[PDB]
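Colleague: A single structure is presented below for examination.
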Amino acid sequence: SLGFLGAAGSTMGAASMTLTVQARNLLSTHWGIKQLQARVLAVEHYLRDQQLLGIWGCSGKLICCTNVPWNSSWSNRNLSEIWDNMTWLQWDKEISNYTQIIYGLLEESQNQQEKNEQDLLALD
Amino acid sequence: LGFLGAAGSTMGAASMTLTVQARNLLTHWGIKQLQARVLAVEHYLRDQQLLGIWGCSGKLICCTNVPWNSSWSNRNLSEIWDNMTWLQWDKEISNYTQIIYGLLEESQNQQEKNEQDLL
Amino acid sequence: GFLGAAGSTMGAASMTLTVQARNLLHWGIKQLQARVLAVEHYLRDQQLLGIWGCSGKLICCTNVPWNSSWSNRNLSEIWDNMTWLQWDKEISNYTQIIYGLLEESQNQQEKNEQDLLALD
Amino acid sequence: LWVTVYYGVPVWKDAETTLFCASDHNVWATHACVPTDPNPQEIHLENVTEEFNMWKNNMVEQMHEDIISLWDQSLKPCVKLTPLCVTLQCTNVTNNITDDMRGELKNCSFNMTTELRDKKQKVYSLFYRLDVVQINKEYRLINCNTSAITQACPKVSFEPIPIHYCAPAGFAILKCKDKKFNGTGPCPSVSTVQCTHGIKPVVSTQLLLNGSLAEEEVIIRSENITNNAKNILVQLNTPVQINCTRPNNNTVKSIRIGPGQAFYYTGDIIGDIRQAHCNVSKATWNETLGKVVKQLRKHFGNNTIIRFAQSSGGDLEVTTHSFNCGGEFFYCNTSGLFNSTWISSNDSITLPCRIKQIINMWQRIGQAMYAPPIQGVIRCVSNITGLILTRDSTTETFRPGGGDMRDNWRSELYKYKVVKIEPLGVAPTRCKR
Amino acid sequence: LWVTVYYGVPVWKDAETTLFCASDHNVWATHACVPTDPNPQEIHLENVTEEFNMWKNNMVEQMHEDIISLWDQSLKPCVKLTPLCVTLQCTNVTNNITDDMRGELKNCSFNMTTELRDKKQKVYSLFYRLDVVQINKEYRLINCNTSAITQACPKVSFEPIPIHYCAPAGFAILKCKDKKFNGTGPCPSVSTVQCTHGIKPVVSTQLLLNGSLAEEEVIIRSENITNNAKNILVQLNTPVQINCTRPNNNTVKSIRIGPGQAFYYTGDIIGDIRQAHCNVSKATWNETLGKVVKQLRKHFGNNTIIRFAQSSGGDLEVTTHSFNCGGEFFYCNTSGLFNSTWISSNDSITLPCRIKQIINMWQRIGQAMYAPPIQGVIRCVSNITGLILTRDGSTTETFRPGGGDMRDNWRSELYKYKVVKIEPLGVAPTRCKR
Amino acid sequence: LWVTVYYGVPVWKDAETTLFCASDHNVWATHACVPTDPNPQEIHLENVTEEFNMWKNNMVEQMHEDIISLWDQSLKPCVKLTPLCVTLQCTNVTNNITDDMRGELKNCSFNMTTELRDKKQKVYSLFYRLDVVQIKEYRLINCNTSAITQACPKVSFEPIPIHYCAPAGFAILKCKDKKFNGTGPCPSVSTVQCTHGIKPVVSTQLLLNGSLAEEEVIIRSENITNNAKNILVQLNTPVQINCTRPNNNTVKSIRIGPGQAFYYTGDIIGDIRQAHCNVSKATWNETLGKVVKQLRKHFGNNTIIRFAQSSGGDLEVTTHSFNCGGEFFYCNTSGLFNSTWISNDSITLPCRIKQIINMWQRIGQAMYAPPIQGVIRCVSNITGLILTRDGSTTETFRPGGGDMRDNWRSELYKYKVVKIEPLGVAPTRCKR
Ligand SMILES: *[C@@H]1O[C@H](CO)[C@@H](O[C@@H]2O[C@H](CO)[C@@H](O)[C@H](O)[C@H]2NC(C)=O)[C@H](O)[C@H]1NC(C)=O
Ligand SMILES: *[C@@H]1O[C@H](CO)[C@@H](O[C@@H]2O[C@H](CO)[C@@H](O)[C@H](O)[C@H]2NC(C)=O)[C@H](O)[C@H]1NC(C)=O
Ligand SMILES: *[C@@H]1O[C@H](CO)[C@@H](O[C@@H]2O[C@H](CO)[C@@H](O)[C@H](O)[C@H]2NC(C)=O)[C@H](O)[C@H]1NC(C)=O
Ligand SMILES: *[C@@H]1O[C@H](CO)[C@@H](O[C@@H]2O[C@H](CO)[C@@H](O)[C@H](O)[C@H]2NC(C)=O)[C@H](O)[C@H]1NC(C)=O
Ligand SMILES: *[C@@H]1O[C@H](CO)[C@@H](O[C@@H]2O[C@H](CO)[C@@H](O)[C@H](O)[C@H]2NC(C)=O)[C@H](O)[C@H]1NC(C)=O
Ligand SMILES: *[C@@H]1O[C@H](CO)[C@@H](O[C@@H]2O[C@H](CO)[C@@H](O)[C@H](O)[C@H]2NC(C)=O)[C@H](O)[C@H]1NC(C)=O
Ligand SMILES: *[C@@H]1O[C@H](CO)[C@@H](O[C@@H]2O[C@H](CO)[C@@H](O)[C@H](O)[C@H]2NC(C)=O)[C@H](O)[C@H]1NC(C)=O
Ligand SMILES: *[C@@H]1O[C@H](CO)[C@@H](O[C@@H]2O[C@H](CO)[C@@H](O)[C@H](O)[C@H]2NC(C)=O)[C@H](O)[C@H]1NC(C)=O
Ligand SMILES: *[C@@H]1O[C@H](CO)[C@@H](O[C@@H]2O[C@H](CO)[C@@H](O)[C@H](O)[C@H]2NC(C)=O)[C@H](O)[C@H]1NC(C)=O
Ligand SMILES: *[C@@H]1O[C@H](CO)[C@@H](O)[C@H](O)[C@H]1NC(C)=O
Ligand SMILES: *[C@@H]1O[C@H](CO)[C@@H](O)[C@H](O)[C@H]1NC(C)=O
Ligand SMILES: *[C@@H]1O[C@H](CO)[C@@H](O)[C@H](O)[C@H]1NC(C)=O
Ligand SMILES: *[C@@H]1O[C@H](CO)[C@@H](O)[C@H](O)[C@H]1NC(C)=O
Ligand SMILES: *[C@@H]1O[C@H](CO)[C@@H](O)[C@H](O)[C@H]1NC(C)=O
Ligand SMILES: *[C@@H]1O[C@H](CO)[C@@H](O)[C@H](O)[C@H]1NC(C)=O
Ligand SMILES: *[C@@H]1O[C@H](CO)[C@@H](O)[C@H](O)[C@H]1NC(C)=O
Ligand SMILES: *[C@@H]1O[C@H](CO)[C@@H](O)[C@H](O)[C@H]1NC(C)=O
Ligand SMILES: *[C@@H]1O[C@H](CO)[C@@H](O)[C@H](O)[C@H]1NC(C)=O
């Protein structure tokens, strides 16, 4: 088995098997007051990630599929290359400037999905 | 558009703007900033915990089995979603929202019991 | 009385789980330490349950089998004549083991679901 | 029909919380307010009317406390002046007085300790008579029987720095821009902003200097205009320029009293000893005051006789216009501004000013500050942006003066209130689990 | 079977965390604590016997440490007596003496500072002997070679205010409600609260005042009852009424020391000069001991013979009854309370008592506080709710008053509490699968 | 393809965060830092090359600030010596002239109050020339600046390894590259939560009691071609240094106030001796040759490398200094930089004692270091050097004046702080 960041250097595909170790380690004399602030910051970072998963409807999951298609304008690469040659450190760099576009799309998609469910449920 | 862009608009219009509204949540004088940060967290978690209790966590909207009571208020849906804003609505329901919250907890408890009988 | 169930009569107590959870969450520094501690523990546990694929769910079943090394008990009194306390006293150090298995199982389950949807 | 849950609902409630300080060294220390401002813009809320009881906005109390906290923290590390409470030998400065400051300054001699305990030094210095009290030529400083005394650090300028205040997460600031609105009721034009505009920590009495100007017209604000005991707040739309100077060219001298601890004091005046004073344009003041009266007629009848007069009493800090000019404190007598009845141009109005060096700011006791002297001469140009006045039969008498600094803060903080975001709520619909 | 999980399960583990105060001008910053819950709840814990150990209870340690810290915060921000540490030129006060007061009150002159540092004030005041030591005529304050003395801040109250404590959420306070629980062990009748009953920070020794009473009978609690190095804690069922006084009509005087500061000096006495003393009911005290002795016999295992003797340590803080009456400090001679043996009107014993003005809380080093004098006549009353007694190293054992650790006053009131953390997660075998 | 979000993604962003203190009676209040894990996990990472720039490492700044704060906290509750700023009558101590006593140790007497405001005592004490100036009338140098405080006699000054830990959500990266110069990319990396302990050893000119280079001497600099930068040289071998103050000091103590006392040297037992440090000459000369061999790898092996002393500055700049046992020693380095390198062996360095301490290159503070009773013996390791390059065909190097941040920067060259970002996105075959 691997330690917490032992996934580094693995391919993006291989790294999908280390999602549990990465996620389970989140959140893991007045001059010491910074220690209180540090614990608080760890909490804030954690909660921000949880809210994002919430707004996209991906809460409680390590992986989540969508109803939003991928745009080649963000990145045009072979699927095989993405999962087998690229690692996550390299990959993130290729799509850094599209992060907010993607997030906006994911949230709006979820917003519409929930409304559609409510109407269907109301009908039957 | 924007944070509170729908404030003053109808409940219907505002029902689709829940996103941006939610997105805006979360040297001894310095204790103030620490405290402010902590409090923001406390308020956030109280809401998440309650939604958790009711089985509504993770979503902007949630459906229940609790019926609406005309004894609380009696306004038509044609008036509630179209001619009413959330600010005014919130005022109208301030007398009984807490009753509703208790009822929602009871309904979720029955559902979990029912799930347990099958499980 | 959020702890009205004493750990006794655990069977019946399984329906009070909701209730117990209801109160979750120089004096100035002490209050800060006290409140942040409540937050840390709350999140610690919610995080752990969430990684096992359950969230807001008081009781959930999974795809991990039960081992005889964990329990060779009668299995006939656990709700009616076994306290959650006494059982826990007799946890026999499998807490971490079980938790790891729960994560492994879920990891594979999520992957399987993703692959099925990919097949679509 | 079923009660369903909606989260992220755009509603709010009044709430008590503090505000992040962002500034963009000094007494309002930079390291105390590191945050700057990206300058995000606010959002207008269409169809929202908000009741702002501005008189009750507690953030004014917070400002009061924060400014004093910054004030005191910055003075804490400075050299203390305890050794100065000795018997002084004082006579008058009489040789170079221009027929005004008649015994205004004293020429004092005293036995001061020096850096080594075994050595003493004789010190000669000038004092304003306002800071020196006769013991029975035996004198003591006025604070020696009531408070501690600290020398302000020469590196702190005390020039007011505009601080915006920002809401914490989960909170927002409602800003109402409705024109010609007094600010206590259901103000119909509100936008939501995370931060207020910046307000300078100007300290003053009588007049309100360097604040926000009224849009369109002079406006009079009050909590209860009927009660003459409530202070009357007047906001001008057009500022009145005031030029305040100290004509005396001062020598600054220093000694070392303690272990590496210097003291700064007034030496001889180089030129003529002339009295400090402030000027305003004569017509501008008269036009401005008439405009105020026009507004009084909105609260008082058309034939009410409006009489302006100088304050009837109180100490110097109450009856004169007390302010910080270059670090020294001026006490200007506004009797030339308030001495008229309003029932139906290359010149000026000059007010005489007194100067004090021992400062007791915030009307507190047990603590005092010593303002080290300014080398050379002093010149300040300020904007009169408002007036704080009290009221005392077919006539009404108006006499200038206000209370503590909360009056100043309160007016600048107008148009804003702080509320908590309340995102959770329920409403009926057709969807049933 | 399969493994399933649960959240919100009613189980717990011992844990140590901090306590949060709740309180309802004073010296405990009571106004800095949250208001108390006017309507708290507790639950009987059904079918649980748990264990408590009052000698291992961190709650005791914390309340003790917190009062030390709090005391300093309350006392720190006021004027010192540094300029007052001068040679005193002393004679005895012999003007209005009962002859029990000989040498107790002294009259001394000295040269102290004023608002103007170049001027000095020749003043005089009165002293109580206990705080003054001869230099050789020439005297100094006892603490002049030991510690700085702070003048107690003048608008304070030292009358104990009960402070309630709350667990942080996720934790709970377990209370022992089992009558006649003697510590260190099983308690079959317990209840759980989020916030407990307040405890007054009473500081005294060899007599415990205004605490709790035993529900039915006197109980003795001791970490080791046969350890000759240990004390015993006595919880009485019957409070003993005690009446203490400073039978002198005092005046006070205030003279400036510096720039807005003054010292409160002793002034003089109106009427004559008299000794402080304390009264108790005689039979009540005798019956109280008979009950204590009965409990000790239970521990001995027979109707054995014991003696009650005098404390002998060379320290007022060890042998006298240390008591704060209003704002003044009593060091009473308790010898008339423990002068008997036990073998198988109510005119009081009027214990004579000495008054000290400069004190040293918790017997720590480098600190001291001066208690300003109080004008008028002082009278106070209290309920003796318990005792701290100890034992010596034959067939007859001797018991004596004792215990110099104020922490044990805290321990006694806290004898019934324990803190645990709640453990809401667990697993079980089941017939259910995903 | 479809957008897929992953949580638990192993990716990094460089970060500037606060540091957490962990440890295992002294000036650093180490008892206040939570105990460490004796066996932290170290995770070796494969196929990662990471840029570590020690000159941009903000952990150095945090150590600087925390160490200063601890230093001040240590002294804040200690007794003030303000009453000593009196005039003194002083003559030289000439009782035992061994020719070490070149006017350095003086016998001073003064009038000081004590216990009661009504009384004075005459105090006879010894002072070092470095801290005393003429007004037979003399004053203490510290009376120039703010009041002098006596250090507390029971608080030790021996450096204790301190572990710096990242907060949760963050980690500390370390590289294992040998011959790593602290500025380039380093391909062999691992992750730890906490650093190894680093002792807060304080010294100038010479870097004492740190880690060693692996195999070969490493020369680290921000700009190697500049003559306005310090050069930090890490040795791959220690050299032992034996320091002594061979005078048996009798320490006297007097009350000065309300439970307050002053500690000072009274009598001297034995003849007057000069303090000094001994380093092996042969060991040192080989060590220097190694350094020279490395300098030539940056500057060419067709030049000449000369060593000389620094020039200009105060005692704290021109001499070597260190604390040992609470005493502050200043040592001459002439024997260390008197050579030219062209393509019972021992060096004795004279040393002196200072009483008034002003460290951190600050002013407006002053501390008095009371003396050690008897004789102090001290042993230290040289683990590195601070070099200064000068501005035709040959060049000279001199010892640097020093900056305390360099000591920490050197030990921390191996570490970097990184933020872990568990969320990320990639395209997939899966849709819902
Ligand atoms: C780092 O790079 C090495 C290549 O040098 C990778 O090693 C290969 O891993 C595959 C399995 O994924 C094996 O089948 C090959 O035989 C390995 N190659 C060699 C030369 O042994 C390695 O997986 C990469 N990443 C990590 C995290 O180790
Ligand atoms: C504020 O209120 C006005 C009406 O008082 C809104 O203007 C109407 O908006 C609706 C929704 O688009 C239109 O159907 C109407 O035709 C508009 N005017 C009318 C009354 O015919 C305005 O949009 C509101 N602004 C918000 C969002 O607060
Ligand atoms: C300093 O000048 C003042 C002002 O002239 C002197 O006080 C006045 O003395 C005259 C008599 O010569 C009185 O009629 C005035 O009423 C006094 N004025 C006030 C305000 O009391 C003062 O005596 C001079 N002092 C010294 C030391 O020269
Ligand atoms: C400030 O403006 C408000 C209106 O926004 C005035 O309030 C009204 O005052 C009248 C009396 O003249 C009352 O009968 C109304 O009921 C008040 N209405 C509201 C909404 O408060 C207020 O008096 C003005 N203040 C001053 C000092 O003039
Ligand atoms: C400011 O100047 C006015 C004069 O314009 C002073 O008014 C005095 O008022 C008293 C009554 O209280 C009269 O007896 C005096 O005759 C008035 N003085 C003059 C010169 O006419 C007022 O006292 C001055 N105030 C301050 C603070 O200096
Ligand atoms: C106050 O008077 C002094 C002289 O006593 C002025 O000092 C002059 O400063 C200028 C430079 O600014 C020099 O060139 C002069 O030689 C100085 N002496 C004289 C006599 O001018 C000082 O500038 C004056 N201050 C003010 C504000 O006028
Ligand atoms: C002042 O009081 C002291 C006691 O506080 C007197 O000294 C003692 O007096 C008693 C008799 O009352 C003797 O038995 C002791 O032996 C005395 N003590 C010592 C050390 O000798 C003292 O005599 C009184 N002085 C005056 C002038 O009244
Ligand atoms: C005390 O020591 C000082 C310093 O060594 C002596 O001062 C030196 O005296 C010689 C003459 O004997 C001069 O040539 C040096 O230049 C002086 N050096 C300094 C730094 O001043 C002093 O003479 C000695 N005094 C006694 C009485 O021995
Ligand atoms: C430390 O090593 C690094 C890595 O080699 C040096 O950085 C560069 O290295 C490349 C070759 O790997 C050279 O072409 C560059 O000129 C180097 N400089 C820079 C700024 O990138 C780095 O210069 C070395 N530093 C020292 C102190 O020798
Ligand atoms: C982001 O923009 C910069 C130019 O500012 C460009 O160099 C970089 O490659 C872009 N990154 C991505 C992922 O598009
Ligand atoms: C315990 O196990 C035995 C079989 O070994 C069974 O007969 C008995 O009924 C079980 N106990 C209970 C309570 O069912
Ligand atoms: C002050 O003295 C100067 C000469 O030193 C003289 O020119 C000037 O007129 C004097 N002014 C007054 C007001 O006496
Ligand atoms: C200073 O003190 C001396 C006495 O030593 C006194 O004669 C003189 O008048 C004093 N001088 C001053 C200016 O106070
Ligand atoms: C134990 O549980 C039973 C329920 O079966 C209850 O009747 C009984 O009172 C409990 N015992 C207590 C109160 O300790
Ligand atoms: C108390 O003082 C009065 C005089 O005021 C005197 O008559 C009386 O005898 C004194 N009492 C004693 C005990 O000396
Ligand atoms: C006060 O000072 C004088 C000298 O001025 C001295 O004679 C007297 O004894 C002092 N007073 C006391 C009580 O020591
Ligand atoms: C040095 O000190 C010793 C100690 O007794 C003494 O015998 C000797 O004479 C001294 N010599 C000098 C240098 O004066
Ligand atoms: C102490 O003070 C007296 C004052 O007469 C002076 O003569 C003596 O030299 C001083 N002594 C010292 C050691 O400073």
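Residues in the structure tokens are numbered from 1 in each chain, the chains being A, B, ... in the order shown, and ligands are numbered from 1 in the order shown.
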Got a sec to check which residues lie within 7 Å of ligand 10, using only C-alpha atoms and all ligand atoms, and send them as number ranges by chain?
Modeller: A: 93-98
Colleague: With 10 Å as the limit and counting only C-alpha atoms, what residues in chain B lie close to chain A? Please list them as a list in words.
Modeller: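 Using only C-alpha atoms, chain B residues at most 10 Å from chain A: residues 15, 16, 17, 18, 19, 20, 22, 23, 25, 26, 28, 31, 33, 34, 35, 37, 38, 40, 41, 44, 45, 57, 58, 59, 60, 61, 62 and 63 of chain B.
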Colleague: Can you tell me which residues sit at most 12 Å away from ligand 16, counting only C-alpha atoms and all ligand atoms, written as a PyMOL selection string?
Modeller: (chain E and resi 84-91+107-113+119-125+137-140) or (chain F and resi 116-119)
Colleague: Enumerate as a short mmCIF file (atom, residue, chain, number, x, y, z; two decimals) with N, CA, C and O atoms, in the first residue's frame the residues within 12 Å of ligand 4, counting only C-alpha atoms and all ligand atoms.
Modeller:
```cif
data_model
loop_
_atom_site.label_atom_id
_atom_site.label_comp_id
_atom_site.auth_asym_id
_atom_site.auth_seq_id
_atom_site.Cartn_x
_atom_site.Cartn_y
_atom_site.Cartn_z
N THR D 49 -37.44 47.84 0.56
CA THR D 49 -37.50 49.00 1.43
C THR D 49 -37.02 48.52 2.77
O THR D 49 -37.47 47.47 3.25
N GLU D 50 -36.09 49.24 3.36
CA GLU D 50 -35.51 48.81 4.61
C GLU D 50 -35.57 49.89 5.66
O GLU D 50 -35.24 51.05 5.41
N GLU D 51 -36.03 49.53 6.85
CA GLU D 51 -36.12 50.49 7.92
C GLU D 51 -34.81 50.58 8.66
O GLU D 51 -34.36 49.62 9.28
N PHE D 52 -34.20 51.74 8.60
CA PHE D 52 -32.91 51.92 9.23
C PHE D 52 -32.97 52.75 10.45
O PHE D 52 -32.91 53.96 10.34
N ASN D 53 -33.02 52.18 11.62
CA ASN D 53 -33.07 53.11 12.72
C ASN D 53 -31.64 53.44 13.03
O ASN D 53 -31.01 52.82 13.87
N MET D 54 -31.10 54.44 12.34
CA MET D 54 -29.68 54.73 12.39
C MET D 54 -29.18 55.12 13.76
O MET D 54 -28.03 54.85 14.11
N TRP D 55 -30.07 55.64 14.58
CA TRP D 55 -29.72 56.09 15.91
C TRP D 55 -29.37 54.96 16.82
O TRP D 55 -28.84 55.16 17.91
N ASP D 178 -31.14 56.58 -0.67
CA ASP D 178 -32.29 57.43 -0.94
C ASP D 178 -31.92 58.85 -0.57
O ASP D 178 -31.42 59.09 0.54
N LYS D 180 -32.18 62.82 0.33
CA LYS D 180 -32.97 63.69 1.20
C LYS D 180 -33.78 62.87 2.18
O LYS D 180 -34.93 63.19 2.48
N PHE D 181 -33.18 61.83 2.70
CA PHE D 181 -33.85 60.98 3.64
C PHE D 181 -33.10 61.19 4.95
O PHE D 181 -31.87 61.21 4.91
N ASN D 182 -33.83 61.36 6.10
CA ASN D 182 -33.22 61.61 7.42
C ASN D 182 -32.46 60.39 7.98
O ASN D 182 -31.50 60.58 8.72
N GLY D 183 -32.83 59.16 7.56
CA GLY D 183 -32.17 57.91 7.94
C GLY D 183 -32.73 57.14 9.12
O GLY D 183 -32.04 56.27 9.63
N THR D 184 -33.96 57.43 9.56
CA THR D 184 -34.46 56.64 10.69
C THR D 184 -35.55 55.64 10.31
O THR D 184 -35.88 54.74 11.09
N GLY D 185 -36.17 55.83 9.15
CA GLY D 185 -37.32 55.04 8.75
C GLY D 185 -37.09 54.12 7.54
O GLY D 185 -35.95 53.87 7.13
N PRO D 186 -38.19 53.73 6.84
CA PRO D 186 -38.29 52.81 5.70
C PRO D 186 -37.75 53.44 4.44
O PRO D 186 -38.51 54.02 3.66
N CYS D 187 -36.42 53.38 4.29
CA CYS D 187 -35.62 54.00 3.25
C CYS D 187 -35.75 53.06 2.00
O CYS D 187 -35.36 51.89 2.04
N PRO D 188 -36.33 53.52 0.89
CA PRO D 188 -36.65 52.76 -0.31
C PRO D 188 -35.57 52.50 -1.36
O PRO D 188 -35.89 52.02 -2.45
N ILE D 219 -29.30 69.08 5.21
CA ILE D 219 -30.30 68.27 5.88
C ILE D 219 -30.09 68.24 7.39
O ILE D 219 -28.97 68.14 7.88
N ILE D 220 -31.19 68.33 8.13
CA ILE D 220 -31.09 68.25 9.57
C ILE D 220 -31.66 66.93 10.02
O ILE D 220 -32.76 66.54 9.64
N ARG D 221 -30.86 66.22 10.78
CA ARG D 221 -31.20 64.90 11.26
C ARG D 221 -31.28 64.93 12.78
O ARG D 221 -30.53 65.63 13.46
N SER D 222 -32.19 64.16 13.34
CA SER D 222 -32.24 64.05 14.79
C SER D 222 -33.00 62.81 15.14
O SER D 222 -33.68 62.24 14.27
N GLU D 223 -32.86 62.34 16.37
CA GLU D 223 -33.64 61.20 16.82
C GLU D 223 -35.09 61.60 17.19
O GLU D 223 -36.04 60.90 16.84
N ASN D 224 -35.23 62.72 17.93
CA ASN D 224 -36.48 63.33 18.39
C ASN D 224 -36.28 64.85 18.40
O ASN D 224 -35.84 65.41 19.41
N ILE D 225 -36.63 65.54 17.28
CA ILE D 225 -36.37 66.98 17.06
C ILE D 225 -37.09 67.85 18.09
O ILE D 225 -36.60 68.93 18.43
N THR D 226 -38.20 67.33 18.58
CA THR D 226 -39.05 67.93 19.57
C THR D 226 -38.32 68.17 20.88
O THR D 226 -38.57 69.18 21.55
N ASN D 227 -37.48 67.24 21.28
CA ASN D 227 -36.79 67.34 22.55
C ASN D 227 -35.50 68.14 22.35
O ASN D 227 -34.58 67.70 21.66
N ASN D 228 -35.42 69.31 22.94
CA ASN D 228 -34.28 70.21 22.73
C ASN D 228 -32.99 69.64 23.30
O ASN D 228 -31.87 70.05 22.96
N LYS D 230 -32.00 66.64 22.88
CA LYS D 230 -31.39 65.69 21.98
C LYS D 230 -30.51 66.51 21.07
O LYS D 230 -30.92 67.58 20.62
N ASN D 231 -29.33 66.03 20.76
CA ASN D 231 -28.46 66.81 19.90
C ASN D 231 -29.02 66.84 18.48
O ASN D 231 -29.58 65.85 18.00
N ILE D 232 -28.87 67.98 17.83
CA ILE D 232 -29.31 68.23 16.48
C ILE D 232 -28.14 68.14 15.53
O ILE D 232 -27.14 68.84 15.68
N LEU D 233 -28.26 67.25 14.57
CA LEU D 233 -27.19 67.02 13.63
C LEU D 233 -27.42 67.67 12.28
O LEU D 233 -28.40 67.40 11.59
N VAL D 234 -26.50 68.52 11.86
CA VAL D 234 -26.70 69.19 10.60
C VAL D 234 -25.62 68.83 9.61
O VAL D 234 -24.42 69.03 9.85
N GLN D 295 -33.85 75.01 6.60
CA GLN D 295 -34.20 73.65 6.94
C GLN D 295 -34.90 73.61 8.30
O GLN D 295 -35.74 72.75 8.56
N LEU D 296 -34.59 74.55 9.19
CA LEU D 296 -35.25 74.56 10.49
C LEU D 296 -36.72 74.78 10.29
O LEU D 296 -37.54 74.17 10.97
N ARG D 297 -37.08 75.54 9.27
CA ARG D 297 -38.49 75.81 8.98
C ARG D 297 -39.27 74.57 8.54
O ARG D 297 -40.47 74.63 8.31
N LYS D 298 -38.60 73.44 8.36
CA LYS D 298 -39.29 72.21 8.03
C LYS D 298 -39.72 71.49 9.31
O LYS D 298 -40.45 70.50 9.26
N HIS D 299 -39.24 71.97 10.45
CA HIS D 299 -39.52 71.38 11.75
C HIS D 299 -40.22 72.39 12.63
O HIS D 299 -40.98 72.04 13.53
N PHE D 300 -39.97 73.65 12.32
CA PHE D 300 -40.48 74.79 13.04
C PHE D 300 -41.34 75.58 12.09
O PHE D 300 -41.21 75.44 10.88
#
```
Colleague: Taking 4 positions as the minimum chain separation for residues in the same chain, which residues sit within 9 Å of stretch 361-371 of chain F when counting only C-alpha atoms? Answer as JSON, numbers by chain.
Modeller: {"D": [260], "F": [75, 81, 142, 145, 146, 147, 148, 149, 150, 151, 152, 153, 249, 250, 251, 262, 263, 264, 265, 316, 326, 327, 328, 354, 355, 356, 357, 403, 404]}
Colleague: Counting only C-alpha atoms, what is within 9 Å of residue E:47, bar same-chain residues fewer than 4 positions away, as a list in words?
Modeller: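 Using only C-alpha atoms, the neighbours found are residues 6, 7 and 8 of chain C; 188 and 189 of chain E.
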Colleague: Write the residues you've just listed into a file as a compact mmCIF listing (two decimals), in the first residue's frame, and include N, CA and C atoms for each of them.
Modeller:
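So the final result, stored in again.txt, reads:
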```txt
# COMPACT_ATOMS: atom_id res chain seq x y z
N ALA C 6 -29.55 4.76 27.91
CA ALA C 6 -28.32 4.60 28.69
C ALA C 6 -27.28 3.71 28.03
N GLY C 7 -27.61 3.19 26.87
CA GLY C 7 -26.77 2.23 26.17
C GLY C 7 -27.43 0.89 26.36
N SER C 8 -28.32 0.85 27.34
CA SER C 8 -29.11 -0.31 27.68
C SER C 8 -30.17 -0.42 26.61
N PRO E 188 -23.76 3.34 41.42
CA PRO E 188 -24.89 2.70 40.76
C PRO E 188 -26.03 3.64 40.43
N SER E 189 -25.99 4.84 40.96
CA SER E 189 -27.05 5.77 40.71
C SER E 189 -26.42 7.08 40.34
```
